[PDB]
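In this document, chain identifiers A, B, C, D, E, F, G, H and I correspond to the written order of the chains, with residue numbering beginning at 1 in each.
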């Protein structure tokens, strides 16, 4: 009953360093100068169209 | 809430030199099944909200 | 008139202490070196034909060399620069193999151990299909007994991988200048009796530092710039034994070093493109690597450090010199490069003295390695190719990194021992004159003046 | 009658991705600001010397 | 060598009060370190560089001093503060002061 | 006389206010190493522009010395003229006024736009 | 009063022409991530200088509000003063004059050099 | 008439001193290739700022044509007005005065700060 | 989080040597010296020495020289390469050497010197 690692025919393989972490930590996307980010503060917005707040 | 109940163990295999594969060693204790729990109450409640 | 108004000033002479990325400067002769050898001399900007350092009269500045950045920056630049060089250079992955080694052809007295092991091994060929038994010569330190055959392995095989330095490169330390960006100054303590920490009366601004060549060496530091009057002994905390002592000489003590054996190099085709440089037959006698210093001058200069030391430990005190306590070969011995190979010289003969309150030379033996693990390496190592022929270098000793024994008991017999370990000490030794500041030209102050309507 | 790929003693070998193309497509060399490129529009110029046009 | 002399040997105070402990060094000019050792527990760094609090050390611990005279002040004493306190400079140590209830 | 860049460090704020065009001068013009060069080359123009930015949001694009309409709050210094221009040095002087430099700048910001909004009205009527 | 950067977005062009020094202020100062930082750091000074470039090839290095000698072509807007300064907002106003802003700029370019070539003649005779 | 960027190359220094705002215009706005773009993008602002640097340490932030207080040393050129403005071209003219341009600049540097240090005294008394 | 874990308590006969281990983890082992210190009943603390893990350079209290030897071993685990073990061997023991032995490490802040020990092993009791 002999087997193989499933990647062997599709792709190569590289062992993640245990000295690394997968925890999702919060990122902020900051703009350059003379660039703004505008924030829809409306608490009933469906994501498309005019935002009053 | 989610979990892997098995107290898994790791041994390190020297591919050498510098290279080293981390194998999965003996399973200490029972052999159980990975799973997740949510409240049936709250899921009921929140699935009611999406329907509304 | 009584009413004052603020008027702003642009170009005011004032600076805030800073940290920033500096950049390198070197000279035209460094590029004339060609041969694709020197590291980063090419990407490095040039120097100035007429350099100027403006003395700043009437100003004092609080220096601290033990809390500087441009030595941490430099230390880093040196490690990176070096590590980028080894990417193209060939990997000795398959050289990690069960060697079958003996001793080199010799008739020495039983006491004298064999330090040159003639090792034969199945090496790879240009073609995947085949193999090749081929022999090379290795130092005892570059191999370990693996286990009635006498079989060995390259010592790196369990700690790290290995990559052969390109012979088309050079290890010679060439002078680097650390130039500041615009609106950034470097301030230079021109006081000839400064211990590296505190207010400096004589100060000057300057764009770039002096030609600081990166001699990476333990125990005694070499070819560095030397003091102008006294043998200055500098430390962060002298009272605390845990901190080392940086001795900067006043006079150069010339130390001649050599590998007497006319070694030979053969090239082995790993293939394709890959090619290992083996160590071939030794032409002539089998002798011992060593260094010579004048016993006269060492006496003289060790007398100077004692005259200075008693200023810190009392006039009626014994100050003797002892050899290393124990540790890694990296630190238990004077390490350096010489002609392209790495040396490990026993300093027991130099630090073996005693000093009361009131014509040959010093032959000191050495060892030699090829697979080196400098800068506290962990995952990567480097094979320094055999340098064909006879090797000898001549250098001055500019300083020391000494260490005092903390047993104490208020005894007037506190002895010293040579140290090393952290290599920032070496750049700390040359960069003590310098400090980096952030220029802030926008002055605001009141003068009796209103702007028009 | 046995052979080898000719590179085996001179150099290593790397297979070009077929998902690439060798077709020479026209390139323009544009200058930075405050930099000009000067173009000899003389239709009898040998490449060296004063160009009137 | 440096000789550190702590006083008093024993200090007796109540929870809520402020304790002052002294350390006199035989040599002036060095900074002072303090440790707490509760009975049967691993020593814990409290103060270094004379006045800087170590990791997780609450602000009721206050180190100060100058020259040869150094002090640990413990404000609003908590039940846990009753312990032996040691001063240190480099490899040299005081013999400790016990704070008792 | 010509001392050099920063030469009037330990000179009086009057004598140092002579050599302003020398410090203002040596302030712009003058792959491992290659990256160092690039983030030093931008740092120098960023740092430089941030000062021109200020001079411009004030009225002092001249520049060097520029008078203004915000009066000196004695709380900031309160020292007499002589003892700062014919006495103190800018290294020294900077640390005194350091506590309110950004508050002082704010007084300047409003004052300039106030000038412009006014001067339009003059050219408007005339 | 102090609204904030862009605070006078939905304010009248008169009220928004007060807070100019606030939008002009927050406009300069404020290895994967390392490259992002660098081509954002240059983009900000490139974009900034391109405006100073214009103000300078006009006469308006002052700057903020700057009057000129090119008269308003009614074709561009034709609206009355009140209904743009005490009525419309700059977001709105921008889209009207947007069709000819670069043509308007050209009128400015020639007019400034024309001033200089003239003013030399004044200082020449006097 | 409008010739184009550098169009008045072989034009007289008088006629070329008309089209100044055109050469001044096309001077700013306009991973292998990616790096080329970046050290060209900084080079253009470095090179540009170094000129504004000079105009600013003189009095000529105007700019284009700017008169000054340093008189023309005949040793530099000594040619008559007509034969340089209505005769010679700037390509030509540049090579004559090239030997002393940096010495000339130095005369300008001191002269500007001298103006400022003086003008403060005027607003001081008045 | 830095962790120093020592080997267990031991009873030693006079004339013996004791070898104490200190497993250090949660930081780069090569970057910090380890000191050893002993707390002696009725006598207080006595600093024994330090070791710097890179080259294993050492310094021993003058009054203990000849009786103490410090060495270290660096992790050989490719996916966990930054911890290490410090060892101290103390020889020619007498009843006066009955003490609790600690391995200690400095804090890692900017103003932390070499001797203020922020991190302590749990101690090893040696009874001679």
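By definition in this document, contacts are C-beta pairs under 8 Å (C-beta built on N, C-alpha and C of every residue); 3 or more make two chains touch, one makes a residue touch a chain.
The minimal number of chain-to-chain contact steps leading from chain C to chain G is 2. The chain pair sharing the most C-beta contacts is C-F.
In this assembly, the C-alpha centroid of chain D lies 76 Å from the C-alpha centroid of chain E. Centres computed as Cα averages put chain B at a distance of 62 Å from chain F. With centres set at the average Cα position, the gap from chain A to chain B is 22 Å. Centres computed as Cα averages put chain A at a distance of 51 Å from chain H.
Within chain C, contacts with two or more other chains are made by residues 7, 158-159, 237, 240-242, 379, 406, 408-409, 447-451. Among all residues of chain H, those that touch two or more other chains are 27-29, 38, 41-42, 45, 48, 61, 120, 123. In chain E, 90-91 are the positions where the chain touches two or more neighbouring chains simultaneously. Interchain contacts (touch definition given at top) occur between A-B, A-G, A-I, B-C, B-I, C-D, C-E, C-F, C-H, C-I, D-H, E-I, F-G, F-H, G-H. By the touch rule above, chain E contacts chain I in their complex via residues 31, 33, 35, 42-45, 48-49, 52, 54-55, 86, 88-96. Chain G contributes residues 17-18, 20-21, 24-25, 27-29, 38, 41-42, 45, 48, 61-65, 67 to its touches with chain F in the complex. Chain B makes touch with chain I in their complex at residues 12, 14, 18-20, 22. Listing the residues of chain C that touch chain B in their complex gives 96, 156-162, 379-380. Of all the residues in chain H, the ones that touch chain F in their complex are 38-39, 42, 45-46, 49-50, 53, 56-57, 59, 61, 109-110, 112-113, 116-117, 119-120, 123.
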